[PDB]
$ cat query.pdb   # PDB, N, CA and C atoms
ATOM      1  N   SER A   1     -21.293 -29.061 -38.544  1.00  0.00           N
ATOM      2  CA  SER A   1     -21.719 -27.995 -39.471  1.00  0.00           C
ATOM      3  C   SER A   1     -21.487 -26.635 -38.829  1.00  0.00           C
ATOM      4  N   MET A   2     -20.832 -25.709 -39.535  1.00  0.00           N
ATOM      5  CA  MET A   2     -20.196 -24.510 -38.956  1.00  0.00           C
ATOM      6  C   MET A   2     -20.284 -23.315 -39.920  1.00  0.00           C
ATOM      7  N   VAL A   3     -21.505 -22.827 -40.160  1.00  0.00           N
ATOM      8  CA  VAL A   3     -21.839 -21.810 -41.182  1.00  0.00           C
ATOM      9  C   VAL A   3     -22.547 -20.579 -40.600  1.00  0.00           C
ATOM     10  N   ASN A   4     -22.484 -19.459 -41.332  1.00  0.00           N
ATOM     11  CA  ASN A   4     -23.291 -18.260 -41.080  1.00  0.00           C
ATOM     12  C   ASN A   4     -24.564 -18.279 -41.940  1.00  0.00           C
ATOM     13  N   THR A   5     -25.716 -17.977 -41.335  1.00  0.00           N
ATOM     14  CA  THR A   5     -27.019 -17.833 -42.003  1.00  0.00           C
ATOM     15  C   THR A   5     -27.695 -16.589 -41.478  1.00  0.00           C
ATOM     16  N   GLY A   6     -28.131 -15.734 -42.395  1.00  0.00           N
ATOM     17  CA  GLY A   6     -29.168 -14.740 -42.135  1.00  0.00           C
ATOM     18  C   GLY A   6     -30.550 -15.376 -42.028  1.00  0.00           C
ATOM     19  N   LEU A   7     -30.686 -16.454 -41.259  1.00  0.00           N
ATOM     20  CA  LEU A   7     -31.983 -17.046 -40.943  1.00  0.00           C
ATOM     21  C   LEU A   7     -32.628 -16.285 -39.763  1.00  0.00           C
ATOM     22  N   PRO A   8     -33.903 -16.536 -39.409  1.00  0.00           N
ATOM     23  CA  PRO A   8     -34.469 -15.975 -38.188  1.00  0.00           C
ATOM     24  C   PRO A   8     -33.751 -16.600 -36.981  1.00  0.00           C
ATOM     25  N   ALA A   9     -33.691 -15.887 -35.847  1.00  0.00           N
ATOM     26  CA  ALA A   9     -32.791 -16.183 -34.713  1.00  0.00           C
ATOM     27  C   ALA A   9     -32.800 -17.641 -34.200  1.00  0.00           C
ATOM     28  N   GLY A  10     -33.905 -18.363 -34.404  1.00  0.00           N
ATOM     29  CA  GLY A  10     -34.001 -19.815 -34.244  1.00  0.00           C
ATOM     30  C   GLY A  10     -33.387 -20.580 -35.421  1.00  0.00           C
ATOM     31  N   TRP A  11     -32.104 -20.342 -35.722  1.00  0.00           N
ATOM     32  CA  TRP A  11     -31.376 -20.990 -36.816  1.00  0.00           C
ATOM     33  C   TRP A  11     -30.549 -22.209 -36.362  1.00  0.00           C
ATOM     34  N   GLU A  12     -30.410 -23.156 -37.296  1.00  0.00           N
ATOM     35  CA  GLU A  12     -29.528 -24.328 -37.328  1.00  0.00           C
ATOM     36  C   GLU A  12     -29.896 -25.141 -38.583  1.00  0.00           C
ATOM     37  N   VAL A  13     -29.147 -25.012 -39.685  1.00  0.00           N
ATOM     38  CA  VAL A  13     -29.448 -25.799 -40.905  1.00  0.00           C
ATOM     39  C   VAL A  13     -29.143 -27.282 -40.691  1.00  0.00           C
ATOM     40  N   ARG A  14     -30.206 -28.083 -40.747  1.00  0.00           N
ATOM     41  CA  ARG A  14     -30.185 -29.536 -40.884  1.00  0.00           C
ATOM     42  C   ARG A  14     -30.603 -29.927 -42.313  1.00  0.00           C
ATOM     43  N   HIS A  15     -30.575 -31.218 -42.644  1.00  0.00           N
ATOM     44  CA  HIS A  15     -30.924 -31.738 -43.975  1.00  0.00           C
ATOM     45  C   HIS A  15     -31.234 -33.243 -43.951  1.00  0.00           C
ATOM     46  N   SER A  16     -32.149 -33.682 -44.814  1.00  0.00           N
ATOM     47  CA  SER A  16     -32.586 -35.083 -44.878  1.00  0.00           C
ATOM     48  C   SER A  16     -31.499 -36.023 -45.435  1.00  0.00           C
ATOM     49  N   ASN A  17     -31.582 -37.314 -45.104  1.00  0.00           N
ATOM     50  CA  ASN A  17     -30.592 -38.333 -45.484  1.00  0.00           C
ATOM     51  C   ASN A  17     -30.480 -38.515 -47.013  1.00  0.00           C
ATOM     52  N   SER A  18     -31.606 -38.613 -47.716  1.00  0.00           N
ATOM     53  CA  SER A  18     -31.683 -38.980 -49.142  1.00  0.00           C
ATOM     54  C   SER A  18     -32.547 -38.005 -49.970  1.00  0.00           C
ATOM     55  N   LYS A  19     -33.533 -37.365 -49.329  1.00  0.00           N
ATOM     56  CA  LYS A  19     -34.361 -36.284 -49.880  1.00  0.00           C
ATOM     57  C   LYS A  19     -33.579 -34.949 -49.949  1.00  0.00           C
ATOM     58  N   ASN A  20     -33.894 -34.083 -50.917  1.00  0.00           N
ATOM     59  CA  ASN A  20     -32.914 -33.108 -51.429  1.00  0.00           C
ATOM     60  C   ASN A  20     -32.926 -31.675 -50.846  1.00  0.00           C
ATOM     61  N   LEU A  21     -33.878 -31.292 -49.985  1.00  0.00           N
ATOM     62  CA  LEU A  21     -33.930 -29.959 -49.341  1.00  0.00           C
ATOM     63  C   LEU A  21     -33.383 -29.982 -47.889  1.00  0.00           C
ATOM     64  N   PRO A  22     -32.949 -28.827 -47.334  1.00  0.00           N
ATOM     65  CA  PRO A  22     -32.626 -28.671 -45.917  1.00  0.00           C
ATOM     66  C   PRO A  22     -33.905 -28.540 -45.073  1.00  0.00           C
ATOM     67  N   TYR A  23     -33.736 -28.497 -43.750  1.00  0.00           N
ATOM     68  CA  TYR A  23     -34.732 -27.964 -42.815  1.00  0.00           C
ATOM     69  C   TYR A  23     -34.037 -27.200 -41.677  1.00  0.00           C
ATOM     70  N   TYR A  24     -34.570 -26.041 -41.295  1.00  0.00           N
ATOM     71  CA  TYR A  24     -33.912 -25.123 -40.362  1.00  0.00           C
ATOM     72  C   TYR A  24     -34.480 -25.303 -38.946  1.00  0.00           C
ATOM     73  N   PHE A  25     -33.739 -25.991 -38.079  1.00  0.00           N
ATOM     74  CA  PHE A  25     -34.148 -26.309 -36.712  1.00  0.00           C
ATOM     75  C   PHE A  25     -34.040 -25.081 -35.799  1.00  0.00           C
ATOM     76  N   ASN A  26     -35.090 -24.788 -35.026  1.00  0.00           N
ATOM     77  CA  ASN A  26     -34.997 -23.822 -33.931  1.00  0.00           C
ATOM     78  C   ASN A  26     -34.533 -24.540 -32.643  1.00  0.00           C
ATOM     79  N   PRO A  27     -33.401 -24.142 -32.026  1.00  0.00           N
ATOM     80  CA  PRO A  27     -32.963 -24.700 -30.750  1.00  0.00           C
ATOM     81  C   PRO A  27     -33.749 -24.153 -29.548  1.00  0.00           C
ATOM     82  N   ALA A  28     -34.160 -22.879 -29.560  1.00  0.00           N
ATOM     83  CA  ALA A  28     -34.724 -22.174 -28.401  1.00  0.00           C
ATOM     84  C   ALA A  28     -36.261 -22.273 -28.270  1.00  0.00           C
ATOM     85  N   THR A  29     -36.944 -22.679 -29.346  1.00  0.00           N
ATOM     86  CA  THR A  29     -38.378 -23.013 -29.399  1.00  0.00           C
ATOM     87  C   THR A  29     -38.504 -24.339 -30.129  1.00  0.00           C
ATOM     88  N   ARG A  30     -39.373 -25.243 -29.666  1.00  0.00           N
ATOM     89  CA  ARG A  30     -39.643 -26.509 -30.359  1.00  0.00           C
ATOM     90  C   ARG A  30     -40.421 -26.253 -31.661  1.00  0.00           C
ATOM     91  N   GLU A  31     -39.698 -26.001 -32.753  1.00  0.00           N
ATOM     92  CA  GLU A  31     -40.201 -25.570 -34.064  1.00  0.00           C
ATOM     93  C   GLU A  31     -39.125 -25.718 -35.166  1.00  0.00           C
ATOM     94  N   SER A  32     -39.520 -25.542 -36.427  1.00  0.00           N
ATOM     95  CA  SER A  32     -38.639 -25.588 -37.600  1.00  0.00           C
ATOM     96  C   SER A  32     -39.181 -24.736 -38.765  1.00  0.00           C
ATOM     97  N   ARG A  33     -38.285 -24.296 -39.658  1.00  0.00           N
ATOM     98  CA  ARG A  33     -38.551 -23.434 -40.820  1.00  0.00           C
ATOM     99  C   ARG A  33     -38.034 -24.124 -42.097  1.00  0.00           C
ATOM    100  N   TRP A  34     -38.692 -23.919 -43.239  1.00  0.00           N
ATOM    101  CA  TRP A  34     -38.564 -24.810 -44.413  1.00  0.00           C
ATOM    102  C   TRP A  34     -37.888 -24.128 -45.625  1.00  0.00           C
ATOM    103  N   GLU A  35     -38.148 -22.831 -45.787  1.00  0.00           N
ATOM    104  CA  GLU A  35     -37.651 -21.900 -46.812  1.00  0.00           C
ATOM    105  C   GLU A  35     -37.457 -20.524 -46.115  1.00  0.00           C
ATOM    106  N   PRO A  36     -36.774 -19.520 -46.707  1.00  0.00           N
ATOM    107  CA  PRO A  36     -36.497 -18.238 -46.043  1.00  0.00           C
ATOM    108  C   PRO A  36     -37.782 -17.419 -45.743  1.00  0.00           C
ATOM    109  N   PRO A  37     -38.118 -17.148 -44.457  1.00  0.00           N
ATOM    110  CA  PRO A  37     -39.348 -16.461 -44.020  1.00  0.00           C
ATOM    111  C   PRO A  37     -39.230 -14.926 -43.984  1.00  0.00           C
ATOM    112  N   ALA A  38     -40.301 -14.217 -43.600  1.00  0.00           N
ATOM    113  CA  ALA A  38     -40.283 -12.757 -43.428  1.00  0.00           C
ATOM    114  C   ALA A  38     -39.377 -12.260 -42.279  1.00  0.00           C
ATOM    115  N   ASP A  39     -39.172 -13.032 -41.207  1.00  0.00           N
ATOM    116  CA  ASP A  39     -38.291 -12.684 -40.066  1.00  0.00           C
ATOM    117  C   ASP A  39     -36.775 -12.857 -40.358  1.00  0.00           C
ATOM    118  N   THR A  40     -36.433 -13.291 -41.577  1.00  0.00           N
ATOM    119  CA  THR A  40     -35.074 -13.651 -42.006  1.00  0.00           C
ATOM    120  C   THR A  40     -34.264 -12.438 -42.459  1.00  0.00           C
ATOM    121  N   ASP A  41     -32.964 -12.638 -42.665  1.00  0.00           N
ATOM    122  CA  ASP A  41     -31.963 -11.609 -42.931  1.00  0.00           C
ATOM    123  C   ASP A  41     -31.192 -11.915 -44.220  1.00  0.00           C
ATOM    124  N   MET A  42     -31.931 -12.060 -45.317  1.00  0.00           N
ATOM    125  CA  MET A  42     -31.467 -12.184 -46.699  1.00  0.00           C
ATOM    126  C   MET A  42     -30.109 -11.555 -47.024  1.00  0.00           C
ATOM    127  N   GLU A  43     -29.759 -10.359 -46.554  1.00  0.00           N
ATOM    128  CA  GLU A  43     -28.415  -9.785 -46.707  1.00  0.00           C
ATOM    129  C   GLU A  43     -27.316 -10.737 -46.194  1.00  0.00           C
ATOM    130  N   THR A  44     -27.444 -11.190 -44.945  1.00  0.00           N
ATOM    131  CA  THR A  44     -26.606 -12.209 -44.293  1.00  0.00           C
ATOM    132  C   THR A  44     -26.874 -13.620 -44.840  1.00  0.00           C
ATOM    133  N   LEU A  45     -27.879 -13.817 -45.703  1.00  0.00           N
ATOM    134  CA  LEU A  45     -28.010 -15.057 -46.475  1.00  0.00           C
ATOM    135  C   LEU A  45     -27.425 -14.979 -47.862  1.00  0.00           C
ATOM    136  N   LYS A  46     -27.223 -13.816 -48.473  1.00  0.00           N
ATOM    137  CA  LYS A  46     -26.817 -13.823 -49.876  1.00  0.00           C
ATOM    138  C   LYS A  46     -25.387 -14.394 -50.001  1.00  0.00           C
ATOM    139  N   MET A  47     -24.553 -14.029 -49.019  1.00  0.00           N
ATOM    140  CA  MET A  47     -23.247 -14.605 -48.668  1.00  0.00           C
ATOM    141  C   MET A  47     -23.267 -16.096 -48.278  1.00  0.00           C
ATOM    142  N   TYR A  48     -24.446 -16.670 -48.030  1.00  0.00           N
ATOM    143  CA  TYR A  48     -24.657 -18.054 -47.601  1.00  0.00           C
ATOM    144  C   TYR A  48     -25.317 -18.917 -48.702  1.00  0.00           C
ATOM    145  N   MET A  49     -26.567 -18.591 -49.053  1.00  0.00           N
ATOM    146  CA  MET A  49     -27.480 -19.322 -49.941  1.00  0.00           C
ATOM    147  C   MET A  49     -26.998 -19.450 -51.398  1.00  0.00           C
ATOM    148  N   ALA A  50     -26.030 -18.641 -51.841  1.00  0.00           N
ATOM    149  CA  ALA A  50     -25.383 -18.740 -53.154  1.00  0.00           C
ATOM    150  C   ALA A  50     -23.848 -18.769 -53.014  1.00  0.00           C
ATOM    151  N   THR A  51     -23.162 -19.470 -53.929  1.00  0.00           N
ATOM    152  CA  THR A  51     -21.697 -19.667 -53.920  1.00  0.00           C
ATOM    153  C   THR A  51     -21.005 -18.659 -54.837  1.00  0.00           C
ATOM    154  N   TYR A  52     -21.363 -18.610 -56.123  1.00  0.00           N
ATOM    155  CA  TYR A  52     -21.101 -17.450 -56.984  1.00  0.00           C
ATOM    156  C   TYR A  52     -22.221 -16.405 -56.827  1.00  0.00           C
ATOM    157  N   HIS A  53     -21.902 -15.111 -56.949  1.00  0.00           N
ATOM    158  CA  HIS A  53     -22.839 -13.999 -56.696  1.00  0.00           C
ATOM    159  C   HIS A  53     -23.139 -13.180 -57.949  1.00  0.00           C
TER     160      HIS A  53
END
$ encode --input "query.pdb" --output "structure tokens"
Amino acid sequence: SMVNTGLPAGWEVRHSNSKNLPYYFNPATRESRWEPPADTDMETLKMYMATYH
């Protein structure tokens, strides 16, 4: 997986095998994020989170 995300700096989009949402793994802290938080960069996500704009 090789994408740009305006996620908070602990970014890495993972996703469940059969269940339908992603989960955002932090590599540098043992933690994860579920939906776009206040520390996120929506501008750098609008180019990501939607295909048509």
$ closest_residue --input "query.pdb" --among "A:35, A:2, A:41, A:48" --to "residue 23 in chain A" --atoms "all atoms listed in the file"
A:35
$ closest_residue --input "query.pdb" --among "A:10, A:3, A:47, A:38" --to "residue 24 in chain A" --atoms "only C-alpha atoms"
A:10
$ residues_around --input "query.pdb" --residues "residue 26 in chain A" --least-positions-apart "4" --cutoff "5 Å" --atoms "only N, CA and C atoms" --output "ChimeraX atom specification"
/A:10-11,31-32
$ resolve_selection --input "query.pdb" --expression "the PyMOL selection byres ((chain A and resi 42-44) around 8)" --output "VMD selection string"
chain A and resid 4 to 8 36 to 37 39 to 41 45 to 49
$ select_by_dssp --input "query.pdb" --residues "chain A" --states "strand (DSSP E)" --output "PDB file with N, CA and C atoms, in the coordinates of the input"
ATOM      1  N   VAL A  13     -29.147 -25.012 -39.685  1.00  0.00           N
ATOM      2  CA  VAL A  13     -29.448 -25.799 -40.905  1.00  0.00           C
ATOM      3  C   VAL A  13     -29.143 -27.282 -40.691  1.00  0.00           C
ATOM      4  N   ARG A  14     -30.206 -28.083 -40.747  1.00  0.00           N
ATOM      5  CA  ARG A  14     -30.185 -29.536 -40.884  1.00  0.00           C
ATOM      6  C   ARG A  14     -30.603 -29.927 -42.313  1.00  0.00           C
ATOM      7  N   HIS A  15     -30.575 -31.218 -42.644  1.00  0.00           N
ATOM      8  CA  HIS A  15     -30.924 -31.738 -43.975  1.00  0.00           C
ATOM      9  C   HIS A  15     -31.234 -33.243 -43.951  1.00  0.00           C
ATOM     10  N   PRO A  22     -32.949 -28.827 -47.334  1.00  0.00           N
ATOM     11  CA  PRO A  22     -32.626 -28.671 -45.917  1.00  0.00           C
ATOM     12  C   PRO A  22     -33.905 -28.540 -45.073  1.00  0.00           C
ATOM     13  N   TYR A  23     -33.736 -28.497 -43.750  1.00  0.00           N
ATOM     14  CA  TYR A  23     -34.732 -27.964 -42.815  1.00  0.00           C
ATOM     15  C   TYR A  23     -34.037 -27.200 -41.677  1.00  0.00           C
ATOM     16  N   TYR A  24     -34.570 -26.041 -41.295  1.00  0.00           N
ATOM     17  CA  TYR A  24     -33.912 -25.123 -40.362  1.00  0.00           C
ATOM     18  C   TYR A  24     -34.480 -25.303 -38.946  1.00  0.00           C
ATOM     19  N   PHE A  25     -33.739 -25.991 -38.079  1.00  0.00           N
ATOM     20  CA  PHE A  25     -34.148 -26.309 -36.712  1.00  0.00           C
ATOM     21  C   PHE A  25     -34.040 -25.081 -35.799  1.00  0.00           C
ATOM     22  N   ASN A  26     -35.090 -24.788 -35.026  1.00  0.00           N
ATOM     23  CA  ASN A  26     -34.997 -23.822 -33.931  1.00  0.00           C
ATOM     24  C   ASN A  26     -34.533 -24.540 -32.643  1.00  0.00           C
ATOM     25  N   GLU A  31     -39.698 -26.001 -32.753  1.00  0.00           N
ATOM     26  CA  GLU A  31     -40.201 -25.570 -34.064  1.00  0.00           C
ATOM     27  C   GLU A  31     -39.125 -25.718 -35.166  1.00  0.00           C
ATOM     28  N   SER A  32     -39.520 -25.542 -36.427  1.00  0.00           N
ATOM     29  CA  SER A  32     -38.639 -25.588 -37.600  1.00  0.00           C
ATOM     30  C   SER A  32     -39.181 -24.736 -38.765  1.00  0.00           C
ATOM     31  N   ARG A  33     -38.285 -24.296 -39.658  1.00  0.00           N
ATOM     32  CA  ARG A  33     -38.551 -23.434 -40.820  1.00  0.00           C
ATOM     33  C   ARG A  33     -38.034 -24.124 -42.097  1.00  0.00           C
TER      34      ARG A  33
END
$ select_by_dssp --input "query.pdb" --residues "chain A" --states "helix (DSSP H, G or I)" --output "PyMOL selection string"
chain A and resi 42-49
$ atom_distance --input "query.pdb" --atom1 "CA of residue 34 in chain A" --atom2 "CA of residue 21 in chain A"
8.5 Å
$ residues_near_point --input "query.pdb" --point "(-25.0, -30.8, -39.8)" --cutoff "6 Å" --atoms "all atoms listed in the file" --output "ChimeraX atom specification"
/A:1,13-14
$ build_atoms --input "query.pdb" --residues "range 4-18 of chain A" --atoms "N, CA, C and O atoms" --output "mmCIF file, in the coordinates of the input"
data_model
loop_
_atom_site.group_PDB
_atom_site.id
_atom_site.type_symbol
_atom_site.label_atom_id
_atom_site.label_comp_id
_atom_site.auth_asym_id
_atom_site.auth_seq_id
_atom_site.Cartn_x
_atom_site.Cartn_y
_atom_site.Cartn_z
ATOM 1 N N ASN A 4 -22.484 -19.459 -41.332
ATOM 2 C CA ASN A 4 -23.291 -18.260 -41.080
ATOM 3 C C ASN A 4 -24.564 -18.279 -41.940
ATOM 4 O O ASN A 4 -24.500 -18.522 -43.144
ATOM 5 N N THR A 5 -25.716 -17.977 -41.335
ATOM 6 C CA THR A 5 -27.019 -17.833 -42.003
ATOM 7 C C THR A 5 -27.695 -16.589 -41.478
ATOM 8 O O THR A 5 -27.915 -16.452 -40.277
ATOM 9 N N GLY A 6 -28.131 -15.734 -42.395
ATOM 10 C CA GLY A 6 -29.168 -14.740 -42.135
ATOM 11 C C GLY A 6 -30.550 -15.376 -42.028
ATOM 12 O O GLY A 6 -31.485 -14.937 -42.692
ATOM 13 N N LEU A 7 -30.686 -16.454 -41.259
ATOM 14 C CA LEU A 7 -31.983 -17.046 -40.943
ATOM 15 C C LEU A 7 -32.628 -16.285 -39.763
ATOM 16 O O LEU A 7 -31.973 -15.410 -39.182
ATOM 17 N N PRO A 8 -33.903 -16.536 -39.409
ATOM 18 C CA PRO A 8 -34.469 -15.975 -38.188
ATOM 19 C C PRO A 8 -33.751 -16.600 -36.981
ATOM 20 O O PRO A 8 -33.228 -17.706 -37.095
ATOM 21 N N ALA A 9 -33.691 -15.887 -35.847
ATOM 22 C CA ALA A 9 -32.791 -16.183 -34.713
ATOM 23 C C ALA A 9 -32.800 -17.641 -34.200
ATOM 24 O O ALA A 9 -31.797 -18.124 -33.666
ATOM 25 N N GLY A 10 -33.905 -18.363 -34.404
ATOM 26 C CA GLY A 10 -34.001 -19.815 -34.244
ATOM 27 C C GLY A 10 -33.387 -20.580 -35.421
ATOM 28 O O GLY A 10 -34.085 -21.373 -36.057
ATOM 29 N N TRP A 11 -32.104 -20.342 -35.722
ATOM 30 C CA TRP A 11 -31.376 -20.990 -36.816
ATOM 31 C C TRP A 11 -30.549 -22.209 -36.362
ATOM 32 O O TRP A 11 -30.002 -22.238 -35.254
ATOM 33 N N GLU A 12 -30.410 -23.156 -37.296
ATOM 34 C CA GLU A 12 -29.528 -24.328 -37.328
ATOM 35 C C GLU A 12 -29.896 -25.141 -38.583
ATOM 36 O O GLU A 12 -30.891 -25.866 -38.566
ATOM 37 N N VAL A 13 -29.147 -25.012 -39.685
ATOM 38 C CA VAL A 13 -29.448 -25.799 -40.905
ATOM 39 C C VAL A 13 -29.143 -27.282 -40.691
ATOM 40 O O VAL A 13 -27.984 -27.682 -40.550
ATOM 41 N N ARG A 14 -30.206 -28.083 -40.747
ATOM 42 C CA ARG A 14 -30.185 -29.536 -40.884
ATOM 43 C C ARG A 14 -30.603 -29.927 -42.313
ATOM 44 O O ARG A 14 -30.955 -29.075 -43.125
ATOM 45 N N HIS A 15 -30.575 -31.218 -42.644
ATOM 46 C CA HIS A 15 -30.924 -31.738 -43.975
ATOM 47 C C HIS A 15 -31.234 -33.243 -43.951
ATOM 48 O O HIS A 15 -30.656 -33.992 -43.162
ATOM 49 N N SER A 16 -32.149 -33.682 -44.814
ATOM 50 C CA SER A 16 -32.586 -35.083 -44.878
ATOM 51 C C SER A 16 -31.499 -36.023 -45.435
ATOM 52 O O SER A 16 -30.599 -35.598 -46.171
ATOM 53 N N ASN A 17 -31.582 -37.314 -45.104
ATOM 54 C CA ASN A 17 -30.592 -38.333 -45.484
ATOM 55 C C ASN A 17 -30.480 -38.515 -47.013
ATOM 56 O O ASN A 17 -29.376 -38.550 -47.556
ATOM 57 N N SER A 18 -31.606 -38.613 -47.716
ATOM 58 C CA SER A 18 -31.683 -38.980 -49.142
ATOM 59 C C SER A 18 -32.547 -38.005 -49.970
ATOM 60 O O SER A 18 -32.319 -37.820 -51.171
#
